[PDB]
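The chain below stands alone, shown as structure tokens; this is the form deposited in one PDB entry.
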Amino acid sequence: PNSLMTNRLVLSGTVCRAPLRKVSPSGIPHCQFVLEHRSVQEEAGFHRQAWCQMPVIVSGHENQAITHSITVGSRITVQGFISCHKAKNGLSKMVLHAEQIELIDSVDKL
């Protein structure tokens, strides 16, 4: 079955929305923020500008550990899987479920 399950997104950007923590009805912690991405990517041999404000979410207690040093303005690289909602629109509600976060301006040391 897992042949058609590939789902992985790696995206760098600047946190433009301060990381807000919410707790699910069951008491599960979550961290939400928006990542502003701006770059130039390779397309058919040419250079194409790519822009996106990607909402991100870090779900789970232990996963919260990777969001303790981020704030508005932080430049990072999020890796995880995407999920969407119908949103009554042609793909409107997209979200990156973060599994790993890297602070590009740091050396792993908090």
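Whichever C-alpha set is largest while still superposing within 1.5 Å between the two forms counts as the rigid core. Only residues modelled in both forms are compared. Residue positions are given as counts along the sequence shown, with the first one as 1.
A second form of this protein, the form deposited in another entry, is not displayed here; the remarks below concern that form.
Colleague: Please say whether, between the shown form and the other one, the C-alpha of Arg38 moves by 2 Å or more once the core is aligned.
Modeller: Moves: no, less than 2 Å.
Colleague: Does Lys93 move its CA by 2 angstroms or more between the shown form and the other one when the core is aligned?
Modeller: Comparing the forms between the shown form and the other one, which are aligned on their rigid core, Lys93 does not shift its C-alpha by 2 Å or more.
Colleague: Work out the direction of the Cα-Cα change for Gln32 and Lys88 in the other entry: closer or farther than in this form? It's 3 angstroms or more.
Modeller: Between the C-alphas of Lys88 and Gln32, the gap narrows in the other entry (3 Å or more compared with this form).
Colleague: A 3 angstroms or greater change in CA distance between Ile57 and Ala87 is reported in the other entry. Closer or farther than in this form?
Modeller: Pair moves closer in the other entry.
Colleague: Please list the stretches that shift between the shown form and the other one, defined as three or more consecutive residues with CA displacements of 2 Å or more after core superposition.
Modeller: 22-25, 85-92 are the stretches that move between the shown form and the other one.
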